[PDB]
Structures are given as C-alpha cells and as structure tokens.
Amino acid sequence: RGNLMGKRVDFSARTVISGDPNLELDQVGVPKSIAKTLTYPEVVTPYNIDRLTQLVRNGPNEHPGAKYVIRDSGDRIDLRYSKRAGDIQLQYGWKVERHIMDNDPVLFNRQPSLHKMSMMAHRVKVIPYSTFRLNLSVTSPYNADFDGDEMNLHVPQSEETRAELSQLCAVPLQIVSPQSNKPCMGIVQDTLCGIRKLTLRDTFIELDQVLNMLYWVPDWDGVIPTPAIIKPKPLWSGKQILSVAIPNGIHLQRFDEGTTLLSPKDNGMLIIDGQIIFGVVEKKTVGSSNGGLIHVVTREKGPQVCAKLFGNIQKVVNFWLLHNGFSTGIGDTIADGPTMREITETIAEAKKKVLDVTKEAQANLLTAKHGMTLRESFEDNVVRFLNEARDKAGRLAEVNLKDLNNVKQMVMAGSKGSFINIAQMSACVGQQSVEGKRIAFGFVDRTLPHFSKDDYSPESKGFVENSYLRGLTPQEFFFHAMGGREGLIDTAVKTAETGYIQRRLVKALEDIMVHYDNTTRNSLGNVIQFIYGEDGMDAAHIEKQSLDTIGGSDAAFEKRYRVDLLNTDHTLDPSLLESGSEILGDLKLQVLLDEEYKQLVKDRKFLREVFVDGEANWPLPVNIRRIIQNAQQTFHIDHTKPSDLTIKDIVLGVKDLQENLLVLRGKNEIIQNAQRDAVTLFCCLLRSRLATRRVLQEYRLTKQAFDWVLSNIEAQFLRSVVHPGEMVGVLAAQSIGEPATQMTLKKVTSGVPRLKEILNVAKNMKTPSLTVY
Amino acid sequence: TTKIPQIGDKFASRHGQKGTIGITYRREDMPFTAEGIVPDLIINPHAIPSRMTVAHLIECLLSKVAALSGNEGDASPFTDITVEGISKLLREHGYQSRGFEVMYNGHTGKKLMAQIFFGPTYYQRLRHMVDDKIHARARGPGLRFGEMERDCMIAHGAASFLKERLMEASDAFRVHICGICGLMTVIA
Amino acid sequence: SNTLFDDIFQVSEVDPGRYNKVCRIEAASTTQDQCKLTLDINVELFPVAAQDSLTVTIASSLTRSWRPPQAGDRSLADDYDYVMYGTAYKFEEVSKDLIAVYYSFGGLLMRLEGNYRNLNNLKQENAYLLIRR
Amino acid sequence: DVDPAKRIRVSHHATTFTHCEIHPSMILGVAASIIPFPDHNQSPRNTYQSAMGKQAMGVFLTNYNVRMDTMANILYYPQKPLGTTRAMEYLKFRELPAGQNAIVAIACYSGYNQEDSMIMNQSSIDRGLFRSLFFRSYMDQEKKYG
Amino acid sequence: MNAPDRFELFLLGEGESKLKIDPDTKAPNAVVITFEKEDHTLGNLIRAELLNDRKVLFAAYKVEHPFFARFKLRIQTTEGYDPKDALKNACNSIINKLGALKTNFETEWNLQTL
Amino acid sequence: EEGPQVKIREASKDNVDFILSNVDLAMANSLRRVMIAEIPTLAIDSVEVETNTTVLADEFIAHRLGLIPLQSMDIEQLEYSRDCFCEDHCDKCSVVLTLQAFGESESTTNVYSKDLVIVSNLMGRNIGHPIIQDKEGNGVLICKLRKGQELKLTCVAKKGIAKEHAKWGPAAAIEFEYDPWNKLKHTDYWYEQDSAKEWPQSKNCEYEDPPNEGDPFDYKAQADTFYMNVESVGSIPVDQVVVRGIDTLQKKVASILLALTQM
Amino acid sequence: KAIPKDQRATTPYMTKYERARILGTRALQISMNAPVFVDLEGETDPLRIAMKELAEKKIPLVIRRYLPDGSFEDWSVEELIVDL
Amino acid sequence: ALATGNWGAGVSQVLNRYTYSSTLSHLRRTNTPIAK
Amino acid sequence: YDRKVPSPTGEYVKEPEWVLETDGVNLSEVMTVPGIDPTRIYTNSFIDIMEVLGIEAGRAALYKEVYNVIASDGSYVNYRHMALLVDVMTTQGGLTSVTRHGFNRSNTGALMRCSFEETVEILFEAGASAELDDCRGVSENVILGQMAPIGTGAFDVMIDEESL
Amino acid sequence: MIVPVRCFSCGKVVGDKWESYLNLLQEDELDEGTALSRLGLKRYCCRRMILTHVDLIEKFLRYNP
Ligand SMILES: O=c1ccn([C@@H]2O[C@H](COP(=O)(O)OP(=O)(O)OP(=O)(O)O)[C@@H](O)[C@H]2O)c(=O)[nH]1
Ligand SMILES: [Mn+2]
Ligand SMILES: [Mn+2]
Ligand SMILES: [Zn+2]
Ligand SMILES: [Zn+2]
Ligand SMILES: [Zn+2]
C-alpha cells in the first residue's frame, strides 16, 4: 500500500521551476547536480562500449559519468569507493548506471496532476545553476508559473519504459488534446504581446536587424527574403520576418467583424503558403485557439514540426521585443480630464436614478413583479442601475486610452488584462457584494456606525464610486474587504470541494476502455457504449466544422446545390467544365444529378431535426475546408479555366468515398448498419462540401486536385478513428474535473455546488425548477 | 551561513505579488537610462493588469520623488496625496511626470522604441530558498507517485511504466499451479 | 524582363487611420474611368497628399537571396521613387463586368479595379510596384 | 469645485455626531499597517501581503548575536522604505526594516522574467544587494533515567 | 552550488579554442564561427563592421543562451571573397578605428584645464 | 586625425563629460561595456581573519574589504595570479595588506580603510594604496569597535575584472545618449496630450540643431555623435578608464586575428 | 480462442499503443546485443534502430489482439499498416 | 499546558521571530474554534 | 425567450415565446395541464424526468445538467467525455451516483488497491461469495507482478515465424 | 548594519560619506535632500543608498558580549 501512495520514490528529483525562452518546447532544464544523482541502467554493447567507458572514467563527480558498473554475475561496483574505479574494462552485456544526459526521456510532473497533460515526457537538457527550466508555452497545461512552484522529474528505468514515454507522453504528442478537441499549448505573455506589435503595418525593420532575426531562426534556409520596400531604403515588415518562422504549406483564413480581402483595420488573418498576407497576429491566431496557427501546423505538418514552431516564433519575437522594449506604469491607468468629467457624471446620473426609486419606494408607488417582494424589486433595480453605471463608465475609460496605452496593448494581444480591469483601475470600481446582495445591515439598520439608520443609498450599501487610481474611502475600503473576504473563502471551498469530485470521477470511470471492436466497456466487460462517443472517433482529431446544408433560405439552398442540365438557366456554365456545352439536356446525367440533390435535400431535413436550434457549426473529424484550400495551393488551380472533371467523376467519386470511411469492419448486417449510423453526420458534411456545383463553381477543382482531395479525406478519416486501448474512462473524468477546478466565481444553483448535487443524485435539490412552454 | 541571491530565490513587494529570480544579468547587459542608471530588478508588465495593484505603480512614483527630494514618501492610506500631486513634484525634478524614462538596450547601445516605467520600489527577500528544497531521491542498490500520478499514466496508456514504477523490490518467486484448482499445491 | 501595368492616378483620399507611418490611398484613374486603386504606402519614405498625380507601374522583373550594393549602382532598373514588392493572393472578384485583383506588400495591401488587364496581371507571387513623383 | 484628482466623498447629512474617528487607517492591524497605499489595491492582494510579510528577512531583534534560537535570518543591509506609512512609526519599521529599496524596472527584456519571475542585476548582487545571514543552532544532551 | 565559476565567462576551459570555424550548408560562401568566452561586446562589434563591407552578403550574431559565454557569427560573401578574410578586414578596421580614437582622446585630454 | 572624434566638454579627477563623434553606435556601445566590465584592477580577494570580536561577521567584513577601492595605476605591471608561475601568491602577482584595530578609547573606535597597511613589496609601482577622497583622509568606513573589541586581518589583493565581480570594476556610472532630438525616431514617445510638452528636454539638445518642421523624415541619417560622460571610482584616473577601455577592446579584437593565424 | 486469418474485423492499422510496445520490446532486445535485421547505416541508439526496423518491416513479431469475449485475432507487424 | 497548547487546542505557540513586525503580529493574533 | 425557428422561406428566424419558470417541481401534474406543450416541458431535476419520462429521457437531462454546469463558466469539453459519464451513471436502468456510492469499490477488484485498514474483511466476503477477479486493474496486476491489460498492455506480443 | 561601501546599482563609492552626511544635518542643520546633493550624490540610486540606510551597529555596539 506504501507503493500505492508513492512512498518509495526512487529515481526522481524535485525543485523550483523557471521559465526559459531558449529551450525547445519538449525540453526540460535539468541542473548538473540533479543529473548527477539520477541514473539509467544502460547495457554494454559495441554501440556504446566506448562512451560507457568514458563515463565510468568521469566517475560520479564529473557530469557525463556513472555511479556503478554491474557485472554479468550481478556484482555491483561502487565507482566512488573502489580501488579500481579508474581501472575497469567494460564487457558486452554488463551494465553501467550512467547519469542522465541530454535528450533522455524523462517524465515531468506538476501536482496536483488532474490532467494527463500534467505529466508529459521531456528531453533532458543538462544546464548549470540549480532549478528545473521550461519553455514558456508548456506552462498552461502544467498550470504553473515561476514564483516558487516546484515540479517533479521522473527517470524511466527500462528500454520499453523509455519508448512508452516518448511515443505516448512526449510533450509534442500532447499539443492538440482530446479534452477540448483543440490545442492546450500556445504563445503566451511576452511573445504574445511582442508578436502583435511586430505584425502591425507601421512595423518595419532595417537590414541590420532582419539579418540577425533571420539568423535567430535555426530552420532558416539562408535565403534573405526580398524587402516589402526597395525604394529609397530596403525596408522589411514585421509580418515578413515572422513568416520565416511559419513553415511552407500553411494556410489560415479568418474573417473578423468587418474583415474584408482588404481589411482596412488589418483585421482577420490570411496566411498563404507559409506567408502572412494580412492581419495583426495575436491570441486569436497564435494562442491556443481552436482553428488557429498551432492547430493547423500540428495536423498539417505533424507534432514535431509544431513543437519546433513554438521555439522559432519565440526567438524571433523575444529578440524583437528585447530591442523594442515594452513597459507599464501609473500613466497607463489615467483617463483624459474630460473623460473623467464624463465618467463622474455617468455615476452621478446613476445615483439620481437610485434616488428616484427610493422616493418611489418610500412613497409606496413602486410595484413588485409577480412572485417578488417589494424590497426585492427595489434592490434588483438599484443594483442594475449601479452595475449599469460602472459598466458604461468603464467603456468611457477604455475608449479614451490610446493604442499606445500599454494596458490597452496587453488586452489587444490577449496577454493578461481585460475590460473589468481597466474599468476598475481607471474608472469606478463598482458595487461590492456578499452573498449576492449589497452589504447588509450588520449593525442595527445600518452598514457602519458612520451612517444613519435606514440608509439604502449606494454609498451606504457598498457601491465603490472611486477607482483604484483615485483610492478608496475608508468606508469603500471596508466594504470592498468584506466582498473580497467572501472570495478568499469561496476559493478555499471551491478548491477543497472540486479536488474531491475530481477523484470520485476518476475512480468511477477508471476501468472503462475502448476495445478492439470499437466498443466501450468496463472491467466486467459490460457495454457502456456500443461505439465510443457514438462515432468511434478520437477527440483530438475532431475540429469544429460548419454544416452548410442546414442554414439559409430555401432559395439560397437551391441556388447553391441545384444543377439542372435540362434548363438553360440552371445548368453548369460551359466555363466551369470542358464538357460544359455538351452536358446541356443530358437526360442520363440529370438523373444522376437529381439523385445528388434529393440526397442533399434529405440531409437538410435530417440536420434540422438533429439540431432543432439550427446550429451549423459542430466538431467533426477531417477538416474538409482545409484539404480543399490545400489542394488549390498544391495544384496551383486557376479560376480562369474550365475544369476537366466529368459529372460522373464528382458524384460517383463522392459516393465511392463514403463506402471507404471505415469505423467498423464486421461483415454482418448489424455492424454494417452501426457503421452507417456512425458516419451519417460526417457524410452529411461531405456531400454538402463536394456537391458537384461547389466542386466546379466554387472550388474550381481539376480532375487531379479533386482525386487528391478524396484520398486525403479517407487517410485523415481513418486517422481520426479512436485506438483500441484508449483509457477513455480516465480521460473522461479528468476532462470533467480539470476544468471544473477552474470554476471560481441567474438565481439557480450552478458551479461546484450544482455539479456536486448532480453527481450525488440528490433527491432534494436546492433549486427545483420547472420550465413550461 | 551567508546567502547570496541566486536563481530561484523568492522576492516580493508589499503588494501581494512574489516572484523567484529567473536569471541574473551584469550591469553591462542591463538596460540603462541616459544618466547611466541601471535597474537592480526587472519585473514583467504582464504582472500588472490582472492584479490591478495600482499601489505598486504609485509606490514607485512616490519613491522616485522621495529619493530625489530627500523627503520621506507618505504612502499612508486615506490621505489627500495624489498621483497628480506626485507627478508635479517629480516633474519639478526634470523627469517625465508619470515615472517613465528613456532607456537604451545594453547589448547594442541603441534606444528602446518604448519608454520604461523606472523607479525605486521596496522589495522583500523571502525565506525558503532553492538549496533548501532540492531533493533527488534515486537510491542505487512533494516528490511522489501517488494515485493521481497513476491515473495520468493510465490515461496515457503507459502500462509498462505503471508496472515498472510500482513493482516492489521483492523477488519474482517462481511457483507452480494446477489448471484444475488455481492453488499452489503442485509438488514440483 | 517585363512590365504588366502602366497608368497615372489622381489621389482623391489619403487616410492614415490610427497609423503613424502608413496611409491608405485611393486615387482615381486618368483616361479610363473604370480603373481604380486602393493602396497602402509608407508615407515616411514617400509622402502623399490629395489631388496628387502618381504614375503607377506594376512590372514583374528588373528566388535567390538578396544583395544591397553594386547592383544598386549598375542595373538600377528603377526609373521611379517608390518601389514595393509583394505577393498576389489575387481574388479576381469578377465584379459584374470588371476585374479587380489583389496584391500584398508585407501586409501593405493593394487593389486595382479595371478589365483591360486580362493579359496583364500575373497569377503568381513575383510582382513589383513602382511609382514616381 | 473639488480637485478632479482627489477621491470622491459623500456630503455630510448629519448634525447629530456623537464621536469622531481619530484616524481611519487604525482599522488595520500590524501587517496591513505596512502596506503602502492599501486603499489603492484590490482587496485580496492586501491579504496576500499581510501573509508574505511574515516570510521576509529583516532584523527581528537587535540582540540576535546573543540569542541561540533554531533559525534566524538577518538582512545584511536593511533599508528603510522610501514609501512609509504613519502607522509604521509605532511599528518600529524604519528602525528594524525588512527589505531594500531596489531600482525597479518594469520591462519585457530578454524574456527571462515571465510568469511571475524576475531578472535581478548580478552586479548589484555583488555589492551586497539582498545578501543575508542565516543562523541555525542545534541542541543535544546526555543520559535520561538509565 | 550548481552555478559555474565566474572566470568561465572569459577564461577558456580545457579543450576549447577561441574560434570554431565551420562551413554553412544553407548557403554558399558562408561560414559559422563560434566565439568562445565572449559576449555582446565583440559579437555586435565585429558584426556591425562586417556590414560596412559591401562584398559581404550576410552578417549576424547571436548568443543562444545567456547562461553560456559564447556567440555565433555567420558570414556570407561574394564568390572569390573568403569569409575568413572579411573577418580579418573587419577586425583590422576596428583595431585601426579604435587606435585613432585612443589618439584623438589622449590629445583632447591634454587641452583640458582640470 | 580622421575617424572617431573626441570633443571634451568637462573634465576632472572624477568625470569626463565628452562627445564621441564620427563613429558607429556599436563601437560607442562596445567601449561603454568594456569600461564597465573588462578593465584590469587590483582588489582584496582573500582575507585571513585572526581576531574578530567586532559586531560584524567575517564574510560581512571580508565582503566590504573587497569593495575598498585600491590604487591600480600600474596595474599592468602586476601579473594575474592565475598566470604567475608561483605557488598561490607573491609580490609578482599580489599585494598583501593588514588591518589591526583595538577598541582602546571609550568612544566608538572607527576602523577606516586608511588603517590598512601594505606588508608586501610594491617594487616602486603605484599600486595597492587604499584610495581616499573624503576631506578627512579617512576613506571608506569598514567597521566600528566598542572598547574591548578587536580585529586582526590579512588581506591579499589581486588583479581582476568586473566580469568576475563588480568590486574589480574601475567605473561607476556611464551616461550615454545620442540624438537628443528624436530625429532618427529610434523611440516612440509616450504621452497624454503633448509629446514634446510632457517629455523633459535633454541637456544635449542645446549642442544640436532642432529638426525643421517641413523636412520629411531623413531615412538615411544614421546614429553617430554620442554624448557620454565617464565617472571613475578612483582606482584609476578618469582619463585612464576611457583610454584603457579603448585599449582593452583593441586587444580582444586582436586576440581574434591571432586565433585565425594559429587556426 | 483463435480467429481465421479471414473474417478479421479488427483494424488493418497499427494502434499507437501496439507501435509503442513493439518499439519498446524490440529496443530491449537490441540493447541486449540481440541481432539486428536492418542495415545499421550509422544508428547506435537501440530505439532509433528499432524504428528503422519497423519502417523497413523487418520485425518478426505478432500482435494478439484479444476481444472482450475471450477470442482473439493474430496480426503480424509486417501486415499492420503503420500510419500514426 | 503552557508548553503544549492544551487547555480543554493550540492555545499556546512558539513566538514568531522571522521579522520584528511578524512578532508583533503574533502577539495580537486571534483564534475562533469551530453561522458565518 | 427568443426561439430560433425556420421562417416560412426556410431561413432560421427568432420568434419570441412566453415561458414559465417555477420554484418547486411536480412534473407529472403540471405536464397534464391544458394549454401548455407537454412535448417540451422540462426540469433541472433529472430524477423526476427519469421516473416520469423514462431512463433514456433521464440520460439526456442528466447530460444537459452536467453540460450547463460546465458551459456556465464559458468552458468547453468534448461531448464524448460527459456522454461517457452520463452513460455509466445510467447503464443499469437507474441513476447511479458517482460520489463513492458503494462502501466497497466503484468498479475495482478485491485484490486491487488495499483500501481500508482491513482488506482481510473484504477477502472473507470474497471467499464466501466465490468472487471472481478479472484482473484488469493496475493494482491487482501490480501484486501479481504483471502489467495491466490497458493501453499498451491491452494485447500480447509474440515471436513470428513467417518472415523469411 | 553599516554604510554599504558602494552603491548597489552603479558602484559609486558611498561608504565614505556617512559621517559627513550626519554632520551636514546636525552641525550645519541642512535638510536631507540638500545634504545628499552636497555629497556629490545626484542619481536617485546613490541618493537612496544613504538616505535609506539604518546604522544598526550603533545599537549593536551597545551590548557588552
Ligand atoms: O496562468 C495563470 C497563473 C495564475 N493566475 C491567477 O493568479 C492568482 C493568484 O496569484 P498568486 O501570485 O497569488 O498565485 P501563485 O500562482 O503564485 O500561487 P501559489 O504558487 O502560491 O499557489 C489567482 O487568481 C490565479 O487564478 C491566472 O489567472 N493564470
Ligand atoms: Mn505560482
Ligand atoms: Mn503566480
Ligand atoms: Zn489441483
Ligand atoms: Zn605569484
Ligand atoms: Zn548609484
């Protein structure tokens, strides 16, 4: 039982962590002293007889050394105490307990480990000074920072055990996690703040620095890119150099509010063939976002390339930031004198509204809503007036801050800070509260002995008019400390309660595994799900894709999918296809084209039943839009020529592909049907994306490009299928627990208390509600 | 025993925000001001927004002024001292009112495109240091692998590792068993 | 060795939009009224104002690394003042009966709207931009 | 016509006062009494400080060289904070400080001070910045009822 | 304890040379010299000079990790022009430039009254 | 004499306010760094404590001793202890000093740096003399003694550089500025209402021509003309810090040509 | 309880797990001086070699995938399509 | 009872001596054994 | 509430509808009231949905509840993880809790983790009941000195005799 | 304990001006600011060095053992 609690910890060290921008994402800085204590039993073979010999000579005191040499018979020779330490002849088959060295797979863990991503394998990088070092972007999954935190490093002891870490646990193989079918690692702090400044149009760089920046990227091919400016001075763009970091064959389109192909605001994102075309690079693109740069590279180029991308981007930006500089100070929290007069009036305006409701209530003219107290309606209105006031006063402060304002800058890049922050620092702090109400009359009919009895005003019950810049009044101070205290306490509870839930979730789902028949079962062999996640797919291979068929007017649906060769106005113009003019009035093809349409129209029905809401964006395997954009890039498709695709090509081809996307292979009737159900949704997506008109009119694919797209979808589909052996149970529990730990905060029980009320199956709920339409 | 500040030691201001030394740089490499002044510490700007610790930015401004003027800086709560009031005095000393200053990069001598909030600030050295928590338990012939560490490896699917990390040193004794009765009653 | 576009433009609006070095110009066209142009320009290295006249040529020549001197004294194939170079992500809008293309100069965007450029504008990266006076 | 810089306050609607606060800053205890401009901080961060302060190095007493206690940390060159409090006077802080007024820069530099970490001037560390003494005393005896 | 000695910042350890020259593969006429026991003082200096030479196609320097005292210098030059020569031309140009400054200073220092 | 250009504004035994001109920022900055960290100097680097009844610990006093500026005029005529062919230290590579002080009077006895006594043979070279600049000839106050307290030490000075430890640094601070008028636009000024009105104008703005309204950005103007000001710590004459700095950098650059040679 | 080489419903593809254990077992044998089946073009690290053997399909191993009911299918490494 | 902290507890503790103010603080501490 | 519905032309359009939220629950009876839509009635009490609408309905509510608790903080979790939990809680035709319901196990084995200071008592009951340990857990396999049939151990590796 | 020998930030010798600072206060009755400035201490880093020191040795000296 002692070994069931980690009492006998052998071959592992622990220390303080530190961030290091000059280490690769999968590496871990292991201080020489610690690497001299941990060992790995390596066998003597002609592949290492030499190196092993050198180590043993270096002994236990010099780093690349060893501590013991075990002989065939099993005899141990202590290299520190042995009249022959420097006189040994290694024999094939002998063992040498050498110190850990560069690139050895080691398990790294930050407790509490409620996330498989809290234990990832890292390559060893032995360095000087004490303290374990990490790349800034591995910080989020481990949920650590560098103000005292300590993590554990574990050294695998066998050859099989070494492979298991690097082939399953390796940091790169975790970037895109199944918890949320999206990356869990991305660019943070400085690099994030610095990357946005770098990408701004006004950001240009001179030759002297571009060369250094280029050279900082180790995967650079020595080809100095041509300046975006050649005129009176060869000037480059931030975007230009950043692209050296992004590998070829990457595409990323993202349209924001008014983003156009000429995004004036330098909005959205557009990276073609590994070169940014337009848009400032920030959290939306480089963050752990769903369909961002990181998600793409991982899938498009693989985990190793993606891992290298973290380090490349960080070197160019950190370097660029180290010579540009960024700071923050009191100044950044000061709003315009006129803005302050607009803010103070906004607040005074709210205090007038509250004053009118009070008079109204004191006169008894105010009426309470159904099932609500007179006093409840009153409070409800005053708090709304006051929060409304804080909020609007906050916007005034934000609008005023310039694009130079550092606080505003960190918010635009997505690296620390938010609205509520600016609003409280610069303008009004807001209404304090404890247990969802304004500060209560703790003394008789008053909040403090400094007020008069029965004072229901905003200053009386906790409204903090002042900002942090201005400083709180002693009353605002105490009120805010009462609000604050509630947070410290709730956090302790939220921390104590969630930790227990996380362990109950694991314990209950711990033995559930995906078997070779795609079935999900528990240790007894009971079927929990006839196919995992009712689709037999691996969550880390699922991406949010829009199901077009479902939305829009019927006209728009028909204008996009309907093809009528028997109609001069609804056939495929001869310019979209060679056989264009001879397709007209082709009875036989039209029959084929009506089959495709009826099937799409069926889907529209089907989808509108499954998603009654009408929601079109749903996570699925095999990102079709990307495969298509890639095809176009790969085959340099020109929208100025008619394709060479036959109609039978598209229809029959799209039809044939659906027969190969396999989840289940059983030859019996039951399975073949279970196989049709599990691929129904993806198939509805497929048909809407490879509808003949879409292929010829929108994508302009050629017979070659098209053919390529099909085999790709197949290879990716099969690749997105769940692997038998997946401990899907434990995964599920941790996926519900880890984020449930991040629940620190209308009148319905939610948060942890609700979850604990759900998982307990309590007969007496706190807020038994009933919604009746 | 004398303890010189190293990498990993704790430090913090009187505003509820600690931090360990990530690294040390010599004066040459440190960014510098026109007057040749160099920083003893460098804290990150991203540690400002979320905490909303305005007091820290104000302590700095007040401290800069106090040191230049020779007067003690009143940072007492609930008084009429103001940032604006503190800015004027700082300005009267030749510096930009909001505590900002121009700085040059130590590697090139070239300027920084941004001005840095620069000023003195009180900092506390905390106990519990690196060399007092460095544990490496790897006998030859926190820091634990508990139930949660096990669940993790389980999700990774690393059964070999799980078996290796939990197999007691006890001898893998060899026994014989009957196929009819799962007992070790076989006389070998 | 080539040239793909040539014309003179009437600057009608120069917007700096919250920037401090680049402005987005939109000049009309001489001769043909169809032709239009929206382009970002590094004002610091070539100021621009309203009602000005800019001679704009696209060209595509006079991908190997890059060299600064010598060639910038000999084969000076630049009889202009402003010289950019970008990649075309050309979205031939085929708007009604006109044809509008797109160029990207390190983030600095450009867009022409005409129709007599069918056998002019490439469909590939390499595309310079020259302007004078 | 009030200074647009001062904090806003509510006008006095009473002529019934029976008492008056000697000084509002006295609602604090010894720890918070050491935080500069606490009325400008988010409430919870003041709490963190009142805790961390107890983990600082200073000069707990002036007779440390004579006491033989378990552990002790004496800051080499204690400094009195440039930004004090009126309460500090009675707390004897300026007499027995726990910190130094370091020149602090708020900047992204080499990026080696991210995620609540900090870069410290090595040259400063050489001239004694933040150096401290650390004493540890052991105790032992002899026989018992044997 | 884990911290390396201070002298290692400027003193070459055993088995170390001041210069390591290797042929760059990413490009022709390119070299990557590893300067041991030197920092930004020399790296940015020789770098800035190598840039004044027009027959130099490429010049950049970088210290891969602040823990260690060494930097990499990559140089690319026109055919026929040896990169090891540009480093010589740069070094000499510096030594001369500095020598002149030492003279001009010891001169202006004399014309002073204090 | 063509090339770099010195143009001294002020000069004294402590500071050298000058104006480097016609040079690359890199060189200017490189020299700035060399003066700060690589100019040889002598400084206590070993202390033998015989008697210490003072209120201070050994390492505490030791630490301070090493910080005491020592005469380093002929520092070049003193071999590095690590090079010297002797065993440990000798007059060829080190200066030995002693400190003996007793609390005799009733009033606190101050132990200054003047009380240091050289016990090794200086061989006629200006070196090892504790630097003094206070109008009292006392120098740096090392420690203080109460009647009865004693302190008998033995310091061994050694040649060293700041890179190894700041104590060995001859420089104090080094003002450095260029382009007082942001004409090059190397920096983007932060402001609220007015960039110019809010940012204090520099001393050097007078020594230069204010930009002219109409003139468009001069995109070719580089960074030359740097307004410096060195300040000596005393172990070496102000002018020397500069000169020797220029020389040291010159040596490094040379040590490389020699490397190419034997390469 | 054995299943004919025909009628196998299980995936033709190797699972990340199968591959991980195969690369681990095989590397254990290589580290123990066991003979190698692929031309060692420089590689010395056992795992690095094991991987080369997997690609060139020269690992004489067989995976016995058991079904929840007791039965099992036999797939040869050579046979298994590797794409993870 | 004064050495343990047992009364009928942790009523008595070793005086803090980390920093002067930390000692002051301890001497003015309060504890509540075991609605809001 | 605004309701996303298909407009007569096909495209989804918002159509407001009056809805009633109640404090207290009596599904079986409110559902029967005239003028309402029994087809869309609902309650955050999945237990009542189960006893009145059946287990399957219960599963869906149990899901919607868990989902909201997480979507509440703007967080997202792939459907499959919450679906798995909801299924485990529903397999036996009832609503089984996850928070340590059984004073013995959850789905472990006797030879598994030595829970409780007395594993002996658990052994007695196992003997008197003829308990059969499948040996699929980690702990149970640890004691047996074997790797668990999980992930990498969910299959066996054997030498091949076909490769020429 | 006692006047640090050099200023932490720049190294400017400052540990030889404590007594002077004191006299400039008592005997010359000058204010702190005006005093530090007459001691050649212009940059706030050096100024703080003396202005913030706490000469605890005086109280230490007051012990007999
Ligand atoms: O990535 C991060 C890290 C930290 N934080 C936020 O930091 C705040 C607390 O900031 P602290 O500085 O007190 O936390 P810490 O992480 O150093 O604490 P310990 O090591 O002592 O446990 C908390 O409100 C937390 O959510 C984030 O929001 N995101
Ligand atoms: Mn932390
Ligand atoms: Mn933190
Ligand atoms: Zn039997
Ligand atoms: Zn000697
Ligand atoms: Zn100073």
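Numbering, chain A: per Swiss-Prot, residues 337-1081, 1092-1119 in sequence.
If you check the header, you will see the structure was determined by X-ray crystallography, 2.3 Å.
For all residues, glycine too, the Cβ spot is worked out from N, Cα and C.
Annotation for A:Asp481 (Mg(2+) 2 binding site): spatial neighbours A:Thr475, criterion Cβ-Cβ under 8 Å with sequence separation of six or more. Under DSSP, A:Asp481 (Mg(2+) 2 binding site) is assigned to coil, being neither helix nor strand in the three-state scheme. What Swiss-Prot lists as Mg(2+) 2 binding site is A:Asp481, A:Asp483, and the listing cites experimental evidence.
The Cβ neighbour count for A:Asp485 (Mg(2+) 1 binding site), using a 10 Å radius and every protein chain shown, is 19. The Mg(2+) 1 binding site feature in Swiss-Prot is assigned to A:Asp481, A:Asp483, A:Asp485.
According to DSSP, A:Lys695 (ubiquitin cross-link) is assigned to a helical segment. For A:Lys695 (ubiquitin cross-link), the Cβ neighbour count at a 10 Å cut-off comes to 11, with all displayed protein chains included. What Swiss-Prot lists as ubiquitin cross-link is A:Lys695, and the listing cites a large-scale study or a structure entry.
Swiss-Prot lists A:810-822 with the feature region 'Bridging helix'.
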With helix taken as DSSP H, G or I, strand as E or B and everything else coil, how many residues of the region 'Bridging helix' (A:810-822) land in each class?
13 helix, 0 strand, 0 coil
Using a Cβ cut-off under 8 Å, which residues of the same chain at least 6 positions beyond either end of the region 'Bridging helix' (A:810-822) come close to it?
765, 768-771, 775, 783-784, 786, 795, 798, 800-802
Can you give me the Cα-Cα distance between A:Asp483 (Mg(2+) 2 binding site) and A:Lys695 (ubiquitin cross-link) in Å, rounded to a whole number?
53
Filtering A:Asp483, A:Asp485, A:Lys695 (recorded positions) by proximity to ligand 2: which pass a Cβ cutoff of under 6 Å to any of its atoms?
A:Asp483, A:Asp485
To the nearest whole angstrom, what is the C-alpha distance linking A:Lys695 (ubiquitin cross-link) and A:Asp485 (Mg(2+) 1 binding site)?
55
Listed in sequence order, the recorded positions from A:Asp481, A:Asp483, A:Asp485, A:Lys695 whose CB sits under 6 Å from ligand 3 are A:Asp481, A:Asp483
Is it possible to get the count of other C-beta atoms within 10 angstroms of the C-beta of A:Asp483 (Mg(2+) 2 binding site)?
19
Near chain B, which of the recorded positions A:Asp481, A:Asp483, A:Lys695 can you find when the cut-off is a Cβ distance under 8 Å?
A:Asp483
